[PDB]
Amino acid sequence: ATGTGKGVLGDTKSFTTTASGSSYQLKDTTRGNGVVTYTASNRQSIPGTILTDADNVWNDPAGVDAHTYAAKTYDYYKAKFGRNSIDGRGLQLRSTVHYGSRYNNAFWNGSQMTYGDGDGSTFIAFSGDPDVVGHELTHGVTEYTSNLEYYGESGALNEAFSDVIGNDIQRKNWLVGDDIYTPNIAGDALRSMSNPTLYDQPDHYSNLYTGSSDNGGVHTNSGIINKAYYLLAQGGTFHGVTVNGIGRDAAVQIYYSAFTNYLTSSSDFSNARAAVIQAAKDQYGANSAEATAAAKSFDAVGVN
């Protein structure tokens, strides 16, 4: 069936649902093994209950966006990368919204995407930014490919790949989480990929966070890798190094191959530089403008 409804930002969209007895479930059986979206009813049991609606016009902005953006992310991976869901074999995509009460985060737990509502002040419902949905689902992609550990540089790479892909899905700007952060302030964000230090992330390896909090800085140090991706795609001169931009299309192919074919669970930033150079060589040639840009983007952020 074709359901309709407003997302967290008030925009009407359509998506696929399933008629089941007297009502419709928020369940799309046409993408892999399914896209299925649940409510946790403001408690913390997951997955919770499949969301239902009597007339297929939905009034659950968070669930509309969780469901729609998971279907769009499914379409994006298959269309862009030839990948069928998280495992490449059609894994069912399960999302739960209204997790907890005023809960200020969202996460991938090894099985499904779970989204808090936010407290209404700092955050609104987290599925409202397709780059956050993209971000969380890409944590499952990483689990099934490089399986990058979630500590230190490995864990920062894990984070950075989730931001590169989430951001690339929407393509609105160089920001992450901007649609759901601080609804009373325009143009800020959880992270910036073009200017990471705006939100207290380092943009160069010489300012790597080396403390133990946050699993050794995994949401901090991703700023360095996000900056390298930005320089590869957009180009720039940074720390004296000029990177000729190769555009998002080519950059995201290079990073996708790098992070799914070449990195492994213990990889650090140096290995990521090697993997990104290799993917650029695979795709454009050993001495191509693209392979040269890949190497310069890492020179620029001080990863040798």
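Residue numbers run from 1 along the displayed sequence.
Visitor: Look over 186-194 and 147-155 in the entry and identify the one with the greater average Cα temperature factor.
Guide: Per the PDB record, 186-194.
Visitor: With reference to the PDB entry, specify whether the mean Cα temperature factor is higher for 164-172 or for 220-228.
Guide: The entry gives the higher C-alpha B-factor average to 164-172.
Visitor: Which of these, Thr138, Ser206, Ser212, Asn104, has its C-alpha atom at the highest B-factor, as the entry lists it?
Guide: In this record, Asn104 carries the highest C-alpha B-factor of the candidates.
Visitor: Out of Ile277, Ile246, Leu51, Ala66, which one has a C-alpha B factor higher than all the others in the entry?
Guide: Going by the entry's C-alpha B-factors, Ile277 comes out highest.
Visitor: Looking at the entry's B-factor column for C-alpha atoms only, identify whether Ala295 ranks in the lowest, middle or highest third of its chain.
Guide: Middle third - that is where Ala295 ends up once the chain's C-alpha B-factors are sorted.
Visitor: If you rank the chain by CA B-factor, which third does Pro61 end up in: lowest, middle or highest?
Guide: Answer is lowest: the recorded C-alpha B-factor places it there.
Visitor: State the tercile, meaning the lowest, middle or highest third, of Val303 with respect to the CA B-factors recorded for its chain.
Guide: According to the entry, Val303 has a C-alpha B-factor in the chain's middle third.
Visitor: Pull the Cα B-factor of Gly120 out of the PDB entry and bin it into the chain's lowest, middle or highest third.
Guide: Ranked within chain, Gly120 CA B lands in the highest tercile.
Visitor: Ordered by C-alpha B-factor within the chain, which third holds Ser127? Give me lowest, middle or highest, please.
Guide: Within its chain, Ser127 is a lowest-third residue by C-alpha B-factor, going by the deposited values.
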